[PDB]
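Report on the following structure.
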Amino acid sequence: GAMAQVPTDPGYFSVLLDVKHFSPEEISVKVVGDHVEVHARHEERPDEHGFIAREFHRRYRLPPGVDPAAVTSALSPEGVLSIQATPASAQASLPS
């Protein structure tokens with residue numbers, strides 16, 4: 001049979017970012033509504049007479065069904081940032 005794509009169940013999120021030239025405390029992640037925002041900023045000064053900076057931003061829409069409070073971030077020692085989320089649970093309306 002032909003090769004097929006394996007479907008993914010809904011309600012999950014997973015992305016990776018290469019932020020190796022930002023330190024852990026130069027990077028922040030937050031959820032705003034149903035988006036995730038990543039921000040990073042580095043500045044250095046070689047002397048009093050100058051200033052070098054980098055900046056990065058990105059926003060992702062969380063897919064349907066994701067719990068916006070269940071987003072996690074993990075920054076590897078090699079500077080890869082994983083951002084993941086899992087499905088929201090639904091309140092029951094009938095007895096168990």
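All residue names refer to the structure tokens as shown: chains lettered A, B, ... in order, residues numbered from 1 in each chain, ligands numbered from 1 in order.
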
May I have the residues within 8 Å of residue A:27 as a count of residues only, using only C-alpha atoms and disregarding those fewer than 5 positions away in the same chain?
5

Near residue A:11, within 9 Å and counting only C-alpha atoms, which residues show up once chain neighbours fewer than 4 positions away are dropped, as a PyMOL selection string?
chain A and resi 62-67+85-88

With only C-alpha atoms as the atoms that count, which of A:1, A:23, A:81, A:9 lies nearest to residue A:43?
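Of all the options, A:23 lies closest to residue A:43.
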
For a test of reading the model, state the distance in Å between atom CA of residue A:52 and atom CA of residue A:24, rounded to one decimal.
18.5 Å

Which residues in stretch 53-92 of chain A does DSSP call strand (DSSP E)? List them as a ChimeraX atom specification.
/A:53-61,72-75,80-85

Quick one: residues within 10 Å of stretch 29-31 of chain A, only C-alpha atoms, excluding same-chain residues fewer than 2 positions away - as a VMD selection string?
chain A and resid 27 33 to 40 57 to 62 68 to 73 81 83

Output N, CA, C and O atoms for every residue in the selection just made, as a short mmCIF file (atom, residue, chain, number, x, y, z; two decimals), in the first residue's frame.
data_model
loop_
_atom_site.label_atom_id
_atom_site.label_comp_id
_atom_site.auth_asym_id
_atom_site.auth_seq_id
_atom_site.Cartn_x
_atom_site.Cartn_y
_atom_site.Cartn_z
N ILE A 27 15.27 35.38 27.14
CA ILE A 27 14.18 34.80 26.37
C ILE A 27 12.94 34.77 27.27
O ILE A 27 13.04 34.33 28.42
N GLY A 33 -4.35 35.16 25.32
CA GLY A 33 -5.55 34.59 24.68
C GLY A 33 -5.24 33.18 24.17
O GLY A 33 -4.81 32.31 24.89
N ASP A 34 -5.45 33.04 22.87
CA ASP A 34 -5.13 31.74 22.21
C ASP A 34 -3.90 31.86 21.31
O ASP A 34 -3.73 31.06 20.42
N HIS A 35 -2.96 32.78 21.65
CA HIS A 35 -1.66 32.83 20.97
C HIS A 35 -0.55 32.63 21.96
O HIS A 35 -0.70 32.98 23.14
N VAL A 36 0.53 32.11 21.50
CA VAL A 36 1.79 32.07 22.24
C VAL A 36 2.75 33.04 21.65
O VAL A 36 2.92 33.09 20.41
N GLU A 37 3.44 33.83 22.49
CA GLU A 37 4.41 34.80 22.03
C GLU A 37 5.80 34.40 22.59
O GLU A 37 5.92 34.12 23.78
N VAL A 38 6.79 34.47 21.74
CA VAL A 38 8.16 34.28 22.15
C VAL A 38 8.90 35.61 21.91
O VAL A 38 8.80 36.17 20.81
N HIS A 39 9.68 36.05 22.84
CA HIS A 39 10.45 37.33 22.76
C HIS A 39 11.88 37.03 23.20
O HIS A 39 12.08 36.38 24.25
N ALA A 40 12.86 37.55 22.49
CA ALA A 40 14.22 37.48 22.97
C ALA A 40 14.92 38.74 22.63
O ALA A 40 14.77 39.33 21.55
N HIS A 57 11.13 38.26 17.78
CA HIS A 57 9.76 37.98 18.27
C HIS A 57 9.12 36.96 17.34
O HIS A 57 9.40 36.91 16.13
N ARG A 58 8.21 36.19 17.92
CA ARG A 58 7.32 35.39 17.08
C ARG A 58 6.04 35.09 17.84
O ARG A 58 6.05 34.93 19.07
N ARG A 59 4.96 35.01 17.08
CA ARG A 59 3.65 34.65 17.65
C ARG A 59 3.09 33.44 16.91
O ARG A 59 3.23 33.33 15.66
N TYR A 60 2.48 32.54 17.67
CA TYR A 60 1.84 31.32 17.10
C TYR A 60 0.39 31.30 17.58
O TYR A 60 0.13 31.54 18.73
N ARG A 61 -0.52 30.91 16.73
CA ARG A 61 -1.90 30.63 17.20
C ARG A 61 -1.98 29.19 17.73
O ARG A 61 -1.58 28.27 17.09
N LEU A 62 -2.51 29.05 18.91
CA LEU A 62 -2.71 27.71 19.46
C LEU A 62 -3.83 27.02 18.66
O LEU A 62 -4.87 27.65 18.40
N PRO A 68 -5.05 26.72 27.08
CA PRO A 68 -4.08 27.83 27.04
C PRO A 68 -3.28 27.96 28.32
O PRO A 68 -2.26 28.65 28.30
N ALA A 69 -3.74 27.33 29.43
CA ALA A 69 -2.98 27.34 30.71
C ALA A 69 -1.97 26.18 30.70
O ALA A 69 -1.12 26.10 31.69
N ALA A 70 -1.98 25.27 29.76
CA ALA A 70 -1.16 24.03 29.76
C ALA A 70 -0.03 24.10 28.80
O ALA A 70 0.45 23.07 28.28
N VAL A 71 0.45 25.32 28.50
CA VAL A 71 1.56 25.45 27.58
C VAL A 71 2.82 25.41 28.44
O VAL A 71 2.89 26.02 29.52
N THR A 72 3.83 24.69 27.95
CA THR A 72 5.14 24.57 28.64
C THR A 72 6.23 24.98 27.69
O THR A 72 6.10 24.94 26.46
N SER A 73 7.37 25.38 28.30
CA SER A 73 8.55 25.71 27.55
C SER A 73 9.76 25.03 28.16
O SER A 73 9.85 24.88 29.39
N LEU A 81 14.55 25.87 21.97
CA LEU A 81 13.41 26.13 22.82
C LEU A 81 12.24 25.28 22.29
O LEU A 81 11.84 25.42 21.14
N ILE A 83 8.33 24.37 22.76
CA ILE A 83 7.06 24.89 23.33
C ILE A 83 5.99 23.86 23.00
O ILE A 83 5.82 23.48 21.84
#

How far is it from atom CA of residue A:17 to atom CA of residue A:45, in Å with one decimal?
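Distance between the two atoms: 26.0 Å.
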
What is the distance between atom CA of residue A:7 and atom CA of residue A:89, in Å to one decimal?
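Between atom CA of residue A:7 and atom CA of residue A:89 the gap works out to 20.6 Å.
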
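Shortest atom-to-atom contact with residue A:56 among A:91, A:2, A:42, A:32: A:42, counting only C-alpha atoms.
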